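Participant: Take this structure, written in structure tokens, and hold onto it; I'll ask about it next.
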Ligand SMILES: Cc1cc2nc3c(=O)[nH]c(=O)nc-3n(C[C@H](O)[C@H](O)[C@H](O)COP(=O)(O)O)c2cc1C
Ligand SMILES: Cn1nc(O)c(C(=O)Nc2c(F)c(F)c(-c3ccccc3)c(F)c2F)n1
Ligand SMILES: O=C(O)c1cc(=O)[nH]c(=O)[nH]1
Ligand SMILES: [Cl-]
Ligand SMILES: [Cl-]
Ligand SMILES: [Cl-]
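Residue numbers (PDB author numbering): 32 to 69, 73 to 213, 226 to 396.
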């Protein structure tokens, strides 16, 4: 479309030339929350997973709406599901600024926000203000996830996550915990017990979100514990602390997590491995460097039932959401799939 080209070639490069990345993100949150925003979802794109219907498989990844300020605007942008957070138990400021950096030559970002969070109570009251509106959205195929963090100074990480389950679990369709083997088992056992203690109408799925930076041994151990405990899904992946050869941006050596195109295929290969190690029985939300329908379908074919993006929104703006969905629909037809569902995991059946 013309909007896609105008955002990508003119408006976004101009905003990014005028505004540092944190200011630009804050402006994005404000515009989105007001619905100040520039594709028809077809039956082909619907996915049923995690106990819910998803009208389309393209979600906004954690971190864009850390405090739950823009959920309704994010649905208006075209996302099939929204994940807010990470939310920590107590409010905390996060790292000193600047704490996020653009790598324009790489179509990448590095960030070290450090879990800046309004905290559980503020977010709880924010979501309560729209709780029934969300119930209707979810029923109509637009679910809500809540990503749970821990405070920097916490001495008992499992208890921080347990608090998040109790406070925000009743308002979410799924919860996310970001992640020796016995220590992971202890943590997830406690999270699942707290989840099971909520009333059935307020009882969310629980997913584990992993980094792309894990050893083979770590991945094997996670797959084992996830299957043993009955964890509902995996989110694959967070940003990378690696720095692939070939980054050109002047800021490539800043501390933090790298996202965007240089992360893309590390993430896809991590999806592929986790799908295999769980025998395709554990739903995966695939995330990392998704900017096109091809990127989305590669992750779906590798094992993802849903995908998310963030960094592509920061470079290309709101039209990228409809772009990904249109390209994904077109590729699915070209490859002979009846819908997203038939493509999930398809590379493993070659
Ligand atoms: C500025 C920024 C902040 C983020 N904060 C969070 C967060 O609070 N919790 C989380 O699980 N992931 C966070 N992420 C990771 C994203 O959810 C996602 O896993 C990662 O960026 C890869 O997707 P992308 O390449 O499409 O950006 C953040 C990413 C960015 C760029
Ligand atoms: C690291 N980093 N760098 C950036 O420029 C951003 C960001 O969020 N940009 C950003 C922006 F500046 C916008 F104006 C919209 C935006 C939002 C609503 C309507 C129009 C434009 C946006 F989606 C964005 F992602 N993050
Ligand atoms: O807040 C952050 O720094 C943050 C959290 C997270 O989970 N991933 C990321 O890239 N940054
Ligand atoms: Cl920058
Ligand atoms: Cl360097
Ligand atoms: Cl680092």
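Ideal Cβ positions, reconstructed from N, Cα and C, are used throughout, including at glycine.
Give me whichever residues DSSP pairs with residue 313 in a beta bridge.
Facilitator: Beta-bridge pairing links residue 313 to no other residue.
Participant: Does residue 56 pass the burial test, meaning 16 or more other C-beta atoms within 10 Å, or should it be called exposed?
Facilitator: The residue is buried, with at least 16 neighbouring Cβ atoms inside 10 Å.
Participant: Which residues does DSSP list as the beta-bridge partners of residue 137?
Facilitator: BP columns for residue 137 point to 142.
Participant: DSSP three-state call for residue 101: helix, strand or coil?
Facilitator: Three-state result, residue 101: coil.
Participant: On a CA-only basis, which of 125, 234, 142, 179 is nearest residue 156? Give me that one, please.
Facilitator: Here the closest residue by C-alpha is 125.
Participant: Going by other Cβ atoms of all chains shown within 10 Å of its Cβ, with 16 needed for buried, is residue 117 buried or exposed?
Facilitator: Buried, by the Cβ-count rule.
Participant: If you compare alpha carbons, which of 349, 388, 340, 394 is closest to residue 377?
Facilitator: Taking only the C-alpha atoms, the option nearest residue 377 is 340.
Participant: Using a threshold of 7 Å, is the CB atom of residue 181 nearer than that to any non-hydrogen atom of ligand 1?
Facilitator: For ligand 1, at least one heavy atom lies less than 7 Å from the Cβ of residue 181.
Participant: If you draw a straight line from the alpha carbon of residue 296 to that of residue 135, how long is it in whole angstroms?
Facilitator: Rounded to whole angstroms, residue 296 to residue 135 spans 10 Å at the Cα level.
Participant: For residue 82, which of helix, strand or coil comes out of DSSP?
Facilitator: DSSP places residue 82 in strand when its eight states are reduced to three.
Participant: Could you pull out every residue in the same chain whose Cβ sits closer than 8 Å to the Cβ of residue 109, ignoring the five residues on either side in sequence?
Facilitator: Correct list, in chain order: 116, 171, 176.
Participant: Is any heavy atom in ligand 4 found nearer than 7 Å to the beta carbon of residue 136?
Facilitator: For ligand 4, at least one heavy atom lies less than 7 Å from the Cβ of residue 136.
Participant: Return yes when the C-beta of residue 145 is under 7 Å from any heavy atom of ligand 3, and no when it is not.
Facilitator: Residue 145 Cβ: within cutoff of ligand 3.
Participant: What does the Cβ neighbour count give for residue 51, buried or exposed, with the cut at 16 atoms within 10 Å?
Facilitator: When all chains shown are included, residue 51 counts as exposed.
Participant: Given a cut-off of 8 Å on the beta-carbon distance, is the pair residue 344 and residue 324 in contact?
Facilitator: Going by C-beta atoms, residue 344 is not nearer than 8 Å to residue 324.
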